[PDB]
Structure formats: C-alpha cells, structure tokens
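So you know, we letter chains A, B, ... as the sequences are listed, proteins then strands, and number each from 1. Below, all heavy atoms of this structure are taken into account, side chains as well, without hydrogens, waters or symmetry copies.
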Amino acid sequence: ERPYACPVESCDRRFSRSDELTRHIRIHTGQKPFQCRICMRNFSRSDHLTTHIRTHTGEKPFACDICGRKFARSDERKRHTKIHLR
DNA sequence: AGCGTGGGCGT
DNA sequence: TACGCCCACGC
Ligand SMILES: [K+]
Ligand SMILES: [Zn+2]
Ligand SMILES: [Zn+2]
Ligand SMILES: [Zn+2]
C-alpha cells in the first residue's frame, strides 16, 4: 500500500506518495528551503512559513463563530471554539 | 496561549 | 513534482 520507503538506516517510515517521501527526507538532510524575509529564519515547508509570517504581521484571518475572537491559524480557532461548550 | 512542524491529502 | 489546506501533536 505504501511503496515509497525511507532509505535512511535510522528511519523506518514508509509512504504512499513519492512527494511525501521527498518532503520527509528534509528531516534527514536538514534542508529548509523557505526563508522568512522578516527574521531570516528558515523553514522546511512553505505553508508553515506562511503561518509563521503572521507572528510578525499580526494577521489573524480566522474568527470564532461564537465570540468573534480572531486567530492566525485555523487549528487555533478550532481549539478555541470548544471552550464555549458547557 | 502562541506557534513549531510532521501527517495526510486534494489539486 | 509543487502549493497549501486541514489535522494532529508537542512544548
Ligand atoms: K530505512
Ligand atoms: Zn526517514
Ligand atoms: Zn520570521
Ligand atoms: Zn470564541
């Protein structure tokens, strides 16, 4: 089911999509292709660079349906919304 | 809370 | 392959 395997001796993880294996390899090579223009920190993934930049800009696109409180990431809002339960 | 970052996936 | 979502986990 998951043909693409990690060729690293220490690792044993396997994947179903080659591009996921290609991504995974960066853990071992330590490559971080995506750099924040603001603080020069490097990141392994472009999507994580995007949410990181919001720490600098204060951009918060995700608002709680119940109280309107805003968050930088969707999963932050998700974690928050549940507090309005009983 | 604030956020790094891998997992799985659709496109 | 890249891009960028949700999703989850970790501190
Ligand atoms: K291996
Ligand atoms: Zn590996
Ligand atoms: Zn930065
Ligand atoms: Zn709320």
Side-chain angles (χ1 to χ4, degrees), chain A residues 3-11 14-86:
Chain A
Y4 307 97
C6 185
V8 176
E9 55 280 352
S10 305
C11 196
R14 317 183 92 253
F15 305 94
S16 70
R17 274 172 48 171
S18 64
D19 58 327
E20 190 170 348
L21 175 60
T22 296
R23 185 172 72 185
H24 166 79
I25 291 297
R26 299 202 189 102
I27 297 177
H28 302 299
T29 65
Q31 183 191 24
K32 299 179 179 299
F34 311 100
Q35 188 179 50
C36 175
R37 301 168 53 95
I38 293 156
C39 77
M40 299 300 168
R41 180 170 182 169
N42 304 286
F43 299 87
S44 65
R45 288 166 53 155
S46 61
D47 55 321
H48 290 342
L49 168 61
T50 296
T51 56
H52 161 78
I53 294 172
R54 301 194 180 132
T55 66
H56 297 306
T57 66
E59 185 192 11
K60 300 184 174 187
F62 307 95
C64 176
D65 285 335
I66 304 300
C67 72
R69 181 169 181 173
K70 302 171 172 295
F71 298 92
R73 310 201 316 224
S74 66
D75 61 293
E76 289 175 351
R77 173 180 59 189
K78 175 184 299 183
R79 187 178 67 178
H80 160 87
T81 307
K82 65 174 160 45
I83 76 172
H84 297 294
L85 293 185
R86 72 160 64 189

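For B:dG2, the base has a donor-acceptor partner in the side chain of A:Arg79 [N/O atoms by modelled type, under 3.5 angstrom]. Judged by atom type and distance alone, A:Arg41 does not reach the base of B:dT5 through any side-chain donor-acceptor pair under 3.5 Å. A donor-acceptor contact under 3.5 Å is formed by the side chain of A:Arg45 with the base of B:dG7.
The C1'-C2'-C3'-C4' dihedral of C:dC6 is negative. Its furanose therefore counts as south.
Where DNA chain C meets chain A (any atom under 4.0 Å from a heavy atom), the bounding nucleotides read 5' to 3' are C:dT1 to C:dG10.
An OP1 or OP2 oxygen of B:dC3 is reached within less than 4.0 angstrom by no side-chain nitrogen or oxygen of A:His52. The shortest distance between the side-chain N/O atoms of A:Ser44 and the OP1/OP2 oxygens of B:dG6 is below 4.0 Å.
Remark: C1' of B:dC3 and NE2 of A:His80 are 17 Å apart, rounded to the nearest angstrom. When rounded to the nearest whole Å, the span between CG of A:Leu49 and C1' of B:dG4 equals 12 Å. At whole-Å resolution of the value, CD1 in A:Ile83 and P in B:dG2 are 12 Å apart. Going from atom CD of A:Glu59 over to atom P of B:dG2 covers 16 Å, rounded to whole Å. Rounded to whole Å, atom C1' of B:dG7 lies 17 Å from atom CZ of A:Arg14. Between the CG atom of A:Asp75 and the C1' atom of B:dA1 there is a distance of 12 Å, rounded to whole Å. Across the protein-nucleic acid pair, A:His56 atom NE2 and B:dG2 atom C1' stand 13 Å apart, rounded to whole Å. If you measure from atom CD of A:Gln31 to atom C1' of B:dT5, you get 16 Å, rounded to the nearest angstrom.
With rounding to the nearest 0.5 angstrom, the NZ atom of A:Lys78 is 11.5 Å from the CZ atom of A:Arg73. Interatomic distance, A:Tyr4 OH to A:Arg14 CZ, rounded to the nearest 0.5 Å: 11.5 Å.
Residues A:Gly68 and A:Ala63 come closest through the heavy atom pair O-CB, 3.9 Å. A:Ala72 and A:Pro61 get closest at one heavy-atom pair: O-CD, 3.6 Å. Scanning both residues, A:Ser16 and A:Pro3, for their nearest heavy atoms gives CA-CD, 4.1 Å.
Between the side chain of A:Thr50 and the backbone N or O of A:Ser46 there is at least one donor-acceptor pair closer than 3.5 Å. Side-chain atoms of A:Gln35 come within 3.5 Å of backbone N or O of A:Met40 as a donor-acceptor pair.
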Inset, instruction - Could you walk me through whether A:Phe43 and A:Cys36 pass side chain to side chain contact (heavy atoms under 4.5 Å, CB included), step by step? - result: CA-CA 8 Å; A:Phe43 299 87; A:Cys36 175; 4.1 Å; yes
Pairs: protein N or O with nucleotides 9-11 of chain B N or O, under 3.5 Å:
residue, atom, partner, partner atom, Å
B:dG10, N7, A:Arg17, NH1, 2.9
B:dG10, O6, A:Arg17, NH2, 2.8

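For the pairing with A:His84, the side chain to side chain donor-acceptor pair (under 3.5 Å) check across A:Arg86, A:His80, A:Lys82 returns one residue only, A:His80. Among the candidates A:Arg54, A:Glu59, A:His52, the single residue satisfying the side-chain contact (heavy atoms from CB on, under 4.5 Å) test with A:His56 is A:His52.
A residue-by-residue look at A:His48 and A:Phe71 shows that A:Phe71 has its nearest nucleotide of DNA chain B further toward the 5' end.
Considering only the side chain of A:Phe15, B:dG7 comes nearest among B:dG6, B:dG7, B:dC3.
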